[PDB]
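Have a look below at one chain only, the form deposited in one PDB entry, in structure tokens format.
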């Protein structure tokens, strides 16, 4: 609804997704089939490269406008990829944490309610992204949204979502150890003890998933189009 308000102001939409989880970070629920929509697969720098290419092929086959990029990509390569039409008025949209502010700041640079900023060719872009929250009752979706850091650990109330997330992590990296062992070792290995000198698993989970989202646990993707 807040987002629906924002959509009446624009004709073009950039959906910023995480390349590691292009389905989980889709903007399902909100309708922008009336807009010109670009699927932007962000953070390819911390994603499994062959999985990224397979997502590109997949979205292409469905006749969708899709690009890939990351923080380090020069502004000029991003604009080149996006190739906005002359009359474009653009909304940057996505679920939390996918890199929407980072992209706006790149698009802005040293450039001057919600206000537009203009590219050198007149194209307008809202300076604030629309944040989409979507409905989560599948365990798998929660787990994937946790892995990309779109969903807070605080907001996870079932331990099986932590185990799902870890199963996805382990499988897609190589690990084969048990959940409980991994996180006991992780909590010691990181100095996370509670009263009595007992490993703080809660904190281990929070820190670990934070480091996974941040790409600090290896170049890893969490879903594949074959899945």
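The term rigid core refers to the maximal set of C-alpha atoms that superpose within 1.5 Å between the two forms. Positions refer to the first chain, counted from 1.
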*Should the segment between residue 112 and residue 113 be described as having none, 1 to 3, 4 to 9, or 10 or more unmodelled residues of the deposited sequence?*
10 or more
*Tell me which of 141 to 149 and 119 to 127 has the higher mean C-alpha B-factor in the deposited entry.*
119 to 127
*Of the three thirds of its chain by CA temperature factor, lowest, middle or highest, which one includes residue 105?*
middle
_Split into thirds by Cα B-factor across the chain's modelled residues, where does residue 163 land: lowest, middle or highest?_
lowest
*When the modelled residues of the chain are sorted by Cα temperature factor, does residue 70 land in the lowest, middle or highest third?*
middle
_Splitting the chain's C-alpha B-factors into thirds, which one does residue 78 fall into?_
middle
*asked:* Sorting by Cα B-factor within the chain, modelled residues only, which third would residue 172 end up in: lowest, middle or highest?
replied: highest
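Not pictured, yet referred to below: the form deposited in another entry.
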_To test your reading of the superposition: with the rigid core aligned, which of 132, 91, 156, 88 moves its Cα by 2 angstroms or more between the shown form and the other one?_
156
_Given a core-based superposition, decide whether the C-alpha of residue 45 shifts by 2 Å or more between the shown form and the other one._
no
*If you line up the core, does residue 65 shift 2 angstroms or more at its C-alpha between the shown form and the other one?*
no
*Classify residue 200 as shifted (yes) or not shifted (no) between the shown form and the other one, where shifted means its C-alpha moves by 2 Å or more with the rigid core superposed.*
yes
